[PDB]
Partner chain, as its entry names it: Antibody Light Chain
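Next comes just one chain, in structure tokens: the form deposited without its partner chain.
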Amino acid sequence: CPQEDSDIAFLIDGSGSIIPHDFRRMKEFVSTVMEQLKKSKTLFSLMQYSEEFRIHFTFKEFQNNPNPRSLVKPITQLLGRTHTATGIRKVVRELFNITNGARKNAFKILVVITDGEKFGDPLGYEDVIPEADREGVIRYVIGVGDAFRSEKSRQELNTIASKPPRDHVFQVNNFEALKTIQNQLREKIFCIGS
């Protein structure tokens, strides 16, 4: 696929629903996918969410230190509950903002990794997905673990992801299984315009 400028954000769940061994496996997967996606025209940014929100690095910080593993490895887990909708709003408004190094005219891609249903959030998905669509943010979702095995639970993943959901939703049975989708995720993003 011909390469074009892409600004790729990750939004990772840091709720206490994720045990520390699993959080480390998540950090390894984000590190590896970012390494595999690194091309001259890509920038990355990462936010962790629970009921709190932490920008671990902006697109501008990445551009100045474009070393994903070094940026991801030190992060520590927030703990707490699971405010996925507010996390999506903060990605759209803060990570994809010119002040934070997002580029005019680049593709805007968000990968959400969630371990559990939204809970505690003052926002619904109806409060944040229309604005994400207006702003052109292409969303991928990875639902990890037992929380997304039932067909009803999967609706939430579809609600987060861009349409069609079969091309944008991943469900993996546990954190050890995240590596099994690295090449697929890579190819989807490498080829977004092509």
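Numbering follows the first chain given and starts at 1.
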- Take the C-alpha B-factors listed in the entry for 18-26 and for 182-190, compute each mean, and give the stretch with the larger one. 182-190
- Item | Mean C-alpha B-factor comparison - 121-129 and 146-154, higher one | 146-154
- From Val137, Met47, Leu37, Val169, residue of greatest CA B-factor: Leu37
- Task: Ordered by C-alpha B-factor within the chain, which third holds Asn105? Give me lowest, middle or highest, please.
- Result: highest
- Message: Based on the deposited C-alpha B factors for this chain, I'd like to know if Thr76 is in the lowest, middle or highest third.
- Response: middle
- Consider only the C-alpha atoms of the modelled residues in this chain, order them by B-factor as the entry records it, and name the third containing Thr159: lowest, middle or highest. middle
- Position of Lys41 among the chain's modelled residues by C-alpha B-factor, lowest, middle or highest third: highest
- Message: When the deposited Cα B-factors of this chain's modelled residues are ordered and cut into thirds, is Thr58 in the lowest, the middle or the highest one?
- Response: lowest
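Keep in mind the form deposited with its partner chain bound is missing from the figure; the text below concerns it.
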- Message: Is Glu51 part of the interface with its partner chain in the deposited bound form - any heavy atom within 4.5 Å?
- Response: yes
- Message: So, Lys39 and its partner chain: in the deposited bound form, are they within 4.5 Å at any heavy atom pair?
- Response: no
- Message: With a cut-off of 4.5 Å between heavy atoms, is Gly101 one of the residues that contacts its partner chain in the deposited bound form?
- Response: no
- Query: Could you tell me if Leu43 has a non-hydrogen atom within 4.5 Å of its partner chain in the deposited bound form?
  - Reply: no
- Message: Between its partner chain and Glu117, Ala147 and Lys152, in the deposited bound form, does every residue show a non-hydrogen atom at 4.5 Å or closer?
- Response: yes
